Amino acid sequence: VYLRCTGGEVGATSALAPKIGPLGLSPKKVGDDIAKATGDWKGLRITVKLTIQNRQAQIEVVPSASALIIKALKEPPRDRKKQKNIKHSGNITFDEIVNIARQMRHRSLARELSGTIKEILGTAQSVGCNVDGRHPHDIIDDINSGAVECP
Amino acid sequence: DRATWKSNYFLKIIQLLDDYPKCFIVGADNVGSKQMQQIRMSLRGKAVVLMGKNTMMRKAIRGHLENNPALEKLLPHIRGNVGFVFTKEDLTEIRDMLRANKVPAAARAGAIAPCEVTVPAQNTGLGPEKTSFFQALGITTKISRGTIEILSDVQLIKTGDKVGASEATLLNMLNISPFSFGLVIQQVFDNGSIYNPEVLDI
Amino acid sequence: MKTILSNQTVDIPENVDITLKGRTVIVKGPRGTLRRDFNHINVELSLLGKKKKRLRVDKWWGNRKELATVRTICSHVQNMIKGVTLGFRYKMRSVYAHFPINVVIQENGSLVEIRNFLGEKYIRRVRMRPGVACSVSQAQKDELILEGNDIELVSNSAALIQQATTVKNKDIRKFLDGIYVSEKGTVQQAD
Amino acid sequence: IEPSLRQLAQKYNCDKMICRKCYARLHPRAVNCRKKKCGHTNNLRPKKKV
Amino acid sequence: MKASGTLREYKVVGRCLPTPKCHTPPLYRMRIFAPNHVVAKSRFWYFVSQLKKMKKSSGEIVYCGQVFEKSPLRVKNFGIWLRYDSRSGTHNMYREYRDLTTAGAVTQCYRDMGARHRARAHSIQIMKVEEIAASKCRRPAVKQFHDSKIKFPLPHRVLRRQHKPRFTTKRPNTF
RNA sequence: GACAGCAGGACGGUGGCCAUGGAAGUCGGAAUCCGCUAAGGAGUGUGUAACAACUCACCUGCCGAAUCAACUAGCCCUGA
Ligand SMILES: [Mg+2]
Ligand SMILES: [Mg+2]
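Right, here's the structure in full:
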């Protein structure tokens with residue numbers, strides 16, 4: 013299992029990860045091309061990739077990182093071609109989507125059962141951080157729901 | 005700070021002493037933060053582990069409240085990195101012997117205990133080169149099909165020897181399991197009882 | 001601020017004996033004897049205990065530098081007690097460059113002779129102190145053992161060795177060569 | 078090359094605090110220049126590494 | 001002030017003149033330390049002129065009296081408050097002195113402020129003098145003179161400079 | 001039950017965020033929370049170009065009762 017946290021386009025501009033790979037010799041271009049097909053349509057932004065090899069294969073699993081999918085919950089798509097107005101627009105509500113996100117957060121948080129993870133993912137963001145009519149500093153002391161319904 | 009915070013810590017310890025009358029004395033001389041996260045998130049459904057300062061010498065003041073039996077026997081037990089484990093469920097002697105789990109191969113320079121480390125002849129799977137550590141210590145190696153084989157079979161670190169930094173890094177790259185050590189239960193306390201664990205408990 | 005008396009407490013073990021005719025201290029033990037003079041300090045030295053051997057170092061009014069000085073008497077008395085019970089052994093590993101250093105003893109271990117010294121041709125002869133012996137260690141490459149009783153004499157001999165082995169007219173960050181004091185300990189172990 | 082002996086030689090020759098005024102090698106945990114040629118100033122700096 | 005010899009404690013009271021604008025002046029009171037009562041009267045005019053609207057011409061001194069010690073045979077502890085003026089600027093100071101009488105303690109205060117801080121008698125202004133008890137002394141010297149069963153010898157006591165003849169075969173042993 | 005001394009820990013979210021010649025605390029720009037908690041500062045520095053090791057604030061074991069910081073002015077010293 014190989015891990016890599018990079019993504020813009022696919023690349024292949026005479027630059028890649030391989031170092032552990034050429035001891036098993038299965039990718040030199042075919043794995044990078046299959047990574048394109050497994051990273052099609054989701055998305056145009058930085059992801060976390062881990063590849064499983066059994067002597068001839070590349071199994072591309074994308075473990076959804078928390079801040080990466082929070083950035084992916086912006087307005088899509090923005091990769092190039094009239095970027096930079098400027099970097100941090102971020103006008104989103106995320107009423108239940110971050111709730112489904114920490115439902116997907118399995119065995120990576122060392123967590124309490126959705127008690128303070130609302131505070132964690134409310135204050136761990138940088139661009140959005142609330143519905144447009146309140147404050148996340150109030151969310152620190154706001155509604156404590158979900159902690160009964162998740163277990 | 006450290007006045008209202010220490011009073012809140014005293015509220016926490018009087019809450020745990022008034023809630024859970026059954027305790028387990030443990031010691032954690034060789035432990036890590038990720039190890040403690042593993043132990044807490046494995047023991048969420050049961051007993052709560054609480055360490056502390058010399059402020060853990062508080063059962064004297066709890067006796068000065070004049071609400072206790074002869075609980076002051078536990079006062080000289082808090083010597084040399086001693087922590088409490090408060091429980092309510094058991095009433096069952098299977099805890100911490102079915103739950104005493106080993107440490108997943110934590111290496112750090114400075115350990116001598118308890119045993120020796122030997123390196124068998126095996127295809128290590130090391131990429132180019134990872135030979136400077138083997139050249140700094142002295143190990144006869146031969147290169148087969150791309151994985152590197154070790155021709156001899158020698159002992160790197162004996163008992164009582166200080167682990168070096170380069171030795172720790174080469175053990176981490178060879179993935180041979182280093183010294184691993186967890187917490188040690190030392191004394192059991194169940195409702196005013198005095199257990200003598202040589203060998204009585206469990 | 002003219003502080004009233006300061007006293008230092010010394011326990012003396014039953015293996016050794018102390019004798020003072022004033023500020024002169026004579027300590028006799030199994031590994032020889034050692035006498036020193038504390039004439040220039042003017043601090044009272046008294047002893048007590050019928051075979052209990054409790055020394056006290058007492059100084060009256062004085063000054064702040066002299067109250068700093070009264071602890072130095074107690075510390076040198078502790079050094080003399082450790083030197084007469086256990087002795088002092090200094091282990092010096094020859095941290096050598098491309099050119100090795102040939103260290104021999106010539107006159108009964110009291111004359112350390114240094115050769116080949118970074119390619120310098122000149123044979124370097126160093127005379128030690130009366131009361132310290134020298135040897136080349138066993139089961140270890142180019143280790144030099146200096147054994148003695150008086151810590152000042154032994155460590156001044158080691159200082160003469162490490163200053164005789166000195167890189168001249170060059171950078172001393174590069175050319176890390178010399179005989180440096182690696183380990184300081186006692187002769188009788190497990191104590 | 079014996080890197081433990083190299084660490085020993087760096088302990089006896091390299092890890093020293095040099096003063097910016099009196100130019101005296103003092104100690105790694107030094108506070109002032111012990112020499113009276115500058116006035117025991119605290120204008121110190123570590124010895125330069127590669 | 002010259003502060004020549006030992007000092008003396010004077011109770012000096014003074015008031016304004018009886019005027020038709022204001023009769024019966026309030027007849028103020030101070031505690032002036034001085035070598036003699038003339039310096040006590042003049043330093044009283046100095047302090048009362050700095051405090052309130054008073055001068056020597058539009059005022060008078062009602063009484064000037066020596067203040068003897070309440071207990072001369074008792075070794076007491078005195079805290080002195082100081083408003084001396086240094087070379088750069090003036091400062092406030094609290095000092096302590098273990099002595100028999102108040103005049104002797106303030107005498108030691110003037111002599112010690114002249115010794116250490118190079119303060120003349122022109123700059124030293126005694127703010128307040130108060131006998132302090134045990135276990136309230138801030139000073140470590142007086143705190144270590146606070147010892148019952150105190151023991152100290154007299155090491156290296158040399159004396160009698162040429163009371164003995166200038167030429168002798170002696171060689172004086174100290175203590 | 002501090003100051004110094006010795007020993008141990010110094011995490012999870014998160015290789016967070018603006019960057020891609022790198023940043024995975026360590027050139028830089030804006031910030032700044034939660035959990036485990038015995039405690040960890042989205043980090044005081046050293047580094048390997050970076051990825052990693054080392055160290056510090058903070059915490060705990062022994063020790064044992066005073067300790068630390070910033071100013072000020074008298075003598076003396078450097079500046080001379
Ligand atoms: Mg040159
Ligand atoms: Mg001058």
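Chains as they are written, first to last, in the authors' numbering: chain Aq, 13 to 163; chain AK, 5 to 206; chain AH, 1 to 191; chain Am, 78 to 127; chain AS, 1 to 175. Every residue gets a Cβ at the ideal spot worked out from N, C-alpha and C, and that includes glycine.
ask   = Does the Cβ of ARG43 (chain AS) have 16 or more other Cβ atoms within 10 Å, making it buried, or fewer, making it exposed?
value = Position 43 of the fifth sequence, counted from the first residue, corresponds to residue 43 (chain AS). Buried is the call here.
inquiry  = DSSP has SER155 (chain AH) in a bridge; who is on the other side?
reply    = Here residue 155 (chain AH) refers to the residue found at position 155 of the third sequence. Its beta-bridge partners do not exist; DSSP assigns none.
ask   = How is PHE88 (chain AH) classed by DSSP in three states: helix, strand or coil?
value = As a working note, residue 88 (chain AH) is residue 88 in the third sequence. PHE88 (chain AH) falls in the strand class under three-state DSSP.
query = List, in order along the chain, the chain AK residues whose C-beta lies closer than 8 angstroms to that of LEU35 (chain Aq)?
reply = As a first step, residue 35 (chain Aq) is located in the first sequence; it is residue number 23 there, counting from the start. Ordered by position in chain AK, the residues that pass the 8 angstroms Cβ test against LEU35 (chain Aq) are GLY129, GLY131, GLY150 and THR151.
query = Which residues mark the beginning and the end of the alpha helix (DSSP H) in which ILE65 (chain AK) is found?
reply = The residue labelled residue 65 (chain AK) in the question sits at position 61 within the second sequence. Counting along the chain, the alpha helix (DSSP H) containing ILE65 (chain AK) begins and ends at 63-68.
task = Taking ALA121 (chain AS) as the query, report the chain AH residues whose CB atoms sit under 9 angstroms from its CB, ordered along the chain.
result = Taking the fifth sequence and counting its residues from 1, the one referred to as residue 121 (chain AS) is at position 121. Chain AH residues near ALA121 (chain AS): none, gap ~25 angstroms exceeds 9 angstroms.
ask   = How close, in whole Å, do the beta carbons of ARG98 (chain AS) and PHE167 (chain AS) come, if the pair is a contact with beta carbons under 8 angstroms?
value = Position 98 of the fifth sequence, counting from 1, holds the residue named residue 98 (chain AS). Position 167 of the fifth sequence, counting from 1, holds the residue named residue 167 (chain AS). About 43 angstroms separates the two Cβ atoms, so there is no contact after all.
message = Run through the DSSP bridge pairs and tell me what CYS16 (chain AS) is partnered with.
response = Along the fifth sequence, one-based indexing puts residue 16 (chain AS) at 16. BP columns for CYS16 (chain AS) point to AS:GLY59.
task = Could you check what DSSP says for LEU47 (chain AH) in three-state terms: helix, strand or coil?
result = As a working note, residue 47 (chain AH) is residue 47 in the third sequence. Strand, per DSSP.
request  = Classify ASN72 (chain AK) as helix, strand or coil using the three-state DSSP reduction.
outcome  = For the purposes of this step, residue 72 (chain AK) is identified with residue 68 of the second sequence, where counting begins at 1. Coil, per DSSP.
request  = Check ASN142 (chain Aq) in the structure and name its three-state DSSP category.
outcome  = On the first sequence, residue 142 (chain Aq) is found 130 positions in, with the first residue counted as 1. Of the three classes helix, strand and coil, the one that applies to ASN142 (chain Aq) here is coil, per DSSP.
key: Residues from the segment 142-172 of chain AH in contact with chain Am, defined by Cβ distance under 7 angstroms   = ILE172
key: Proximal residues, the segment 85-96 of chain Am versus chain AH, C-beta separation under 9 angstroms   = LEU85, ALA86, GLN87, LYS88, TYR89, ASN90 and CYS91
key: Beta-carbon gap between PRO39 (chain Aq) and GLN68 (chain Aq) smaller than 8 angstroms   = The residue you call residue 39 (chain Aq) lines up with position 27 of the first sequence. The residue you call residue 68 (chain Aq) lines up with position 56 of the first sequence. Contact check for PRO39 (chain Aq) against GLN68 (chain Aq) fails: the beta carbons are separated by 8 angstroms or more.
ask   = List, in order along the chain, the chain AH residues whose C-beta lies closer than 8 angstroms to that of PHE152 (chain AS)?
value = The count along the fifth sequence starts at 1 and reaches residue 152 (chain AS) at position 152. Those are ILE4, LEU5, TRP60 and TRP61, listed as they occur along chain AH.
ask   = Going along the chain, which residues of the segment 96-116 of chain Am sit with their C-beta nearer than 9 angstroms to a C-beta in chain AH?
value = none
Endpoints, the beta strand (DSSP E) within which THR33 (chain AH) is located = For the purposes of this step, residue 33 (chain AH) is identified with residue 33 of the third sequence, where counting begins at 1. According to the DSSP assignment, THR33 (chain AH) belongs to the beta strand (DSSP E) that extends over 33-37.
task = List the residues of chain Aq whose Cβ lies closer than 7 angstroms to the Cβ of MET45 (chain AK), in chain order.
result = If you number the second sequence from 1, residue 45 (chain AK) lands on position 41. The contacting residues are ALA122.
inquiry  = Residues of the segment 98-131 of chain Aq in Cβ contact with chain AK at a cutoff of 9 angstroms, in chain order, please.
reply    = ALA122, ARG123, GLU124 and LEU125
task = Could you tell me the distance, in whole angstroms, from the CA atom of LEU86 (chain AH) to the CA atom of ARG35 (chain AH)?
result = For the purposes of this step, residue 86 (chain AH) is taken as residue 86 along the third sequence, with counting starting at 1. For the purposes of this step, residue 35 (chain AH) is taken as residue 35 along the third sequence, with counting starting at 1. Roughly 16 angstroms between the two C-alpha positions.
key: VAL103 (chain AH): contacting residues in chain Am (beta-carbon distance under 9 angstroms)   = Working through the third sequence from its first residue, we reach residue 103 (chain AH) at position 103. Against chain Am, the beta carbon of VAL103 (chain AH) has no neighbour under 9 angstroms; the closest one sits roughly 15 angstroms away.
Backbone secondary structure at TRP60 (chain AH) - three-state DSSP = For the purposes of this step, residue 60 (chain AH) is taken as residue 60 along the third sequence, with counting starting at 1. Three-state result, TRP60 (chain AH): coil.
ask   = What distance in whole Å lies between the Cβ atoms of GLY83 (chain AH) and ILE151 (chain AH), which are believed to be in contact at a cut-off of 8 angstroms?
value = Working through the third sequence from its first residue, we reach residue 151 (chain AH) at position 151. Working through the third sequence from its first residue, we reach residue 83 (chain AH) at position 83. With a Cβ gap of about 6 angstroms, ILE151 (chain AH) and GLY83 (chain AH) count as contacting.
query = Using the rule of at least 16 other Cβ atoms within 10 Å of the residue's Cβ for burial, across every protein chain shown, is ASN119 (chain Am) buried or exposed?
reply = Within the fourth sequence, the letter at position 42 stands for residue 119 (chain Am). By the 16-neighbour rule on beta-carbons within 10 angstroms, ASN119 (chain Am) is exposed.
query = Who are the Cβ neighbours of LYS130 (chain Aq) in its own chain at under 7 angstroms, not counting the five residues just before and after it?
reply = Translated into positions along the first sequence, residue 130 (chain Aq) becomes position 118. So the list reads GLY158, once near-sequence residues are dropped.
inquiry  = Rounded to the nearest angstrom, what separates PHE137 (chain AK) and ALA32 (chain AK) at their Cα positions?
reply    = Residue 137 (chain AK) sits at position 133 when you count from the first residue of the second sequence. Residue 32 (chain AK) sits at position 28 when you count from the first residue of the second sequence. Whole-angstrom Cα-Cα distance: 32 angstroms.
key: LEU35 (chain Aq) (DSSP reduced to helix, strand or coil)   = For the purposes of this step, residue 35 (chain Aq) is identified with residue 23 of the first sequence, where counting begins at 1. Correct three-state label for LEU35 (chain Aq): helix.
task = Measure how close the beta-carbons of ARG138 (chain AS) and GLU96 (chain AS) come, nearest whole angstrom, since I'm counting them as under 8 angstroms.
result = Counting from one through the fifth sequence, the residue named residue 138 (chain AS) turns up at place 138. Counting from one through the fifth sequence, the residue named residue 96 (chain AS) turns up at place 96. That pair is a contact at about 7 angstroms.
Given 8 angstroms, three or more beta-carbon pairs between the segment 124-142 of chain Aq and the segment 78-87 of chain Aq = yes
inquiry  = Any beta carbon of chain AK sitting closer than 8 angstroms to that of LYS31 (chain Aq)?
reply    = Looking up residue 31 (chain Aq) in the first sequence gives position 19. It does: the Cβ of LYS31 (chain Aq) has a partner Cβ on chain AK nearer than 8 angstroms.
inquiry  = In the DSSP output, what is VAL188 (chain AK) paired with across the bridge?
reply    = Start at 1 with the first residue of the second sequence, and residue 188 (chain AK) comes out as number 184. Answer is AK:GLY31, bridged to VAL188 (chain AK).
key: Cβ distance (whole Å) where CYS16 (chain AS) is taken to contact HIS37 (chain AS) below 8 angstroms   = For the purposes of this step, residue 16 (chain AS) is taken as residue 16 along the fifth sequence, with counting starting at 1. For the purposes of this step, residue 37 (chain AS) is taken as residue 37 along the fifth sequence, with counting starting at 1. The Cβ separation is near 21 angstroms, so there is no contact.
task = Consider the Cβ of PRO140 (chain AS): report whether some Cβ of chain AH lies at a distance smaller than 8 angstroms.
result = Taking the fifth sequence and counting its residues from 1, the one referred to as residue 140 (chain AS) is at position 140. By this cut-off, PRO140 (chain AS) is an interface position.
inquiry  = Tell me the DSSP secondary structure of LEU51 (chain AS) in three-state form.
reply    = As a first step, residue 51 (chain AS) is located in the fifth sequence; it is residue number 51 there, counting from the start. Correct three-state label for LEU51 (chain AS): helix.
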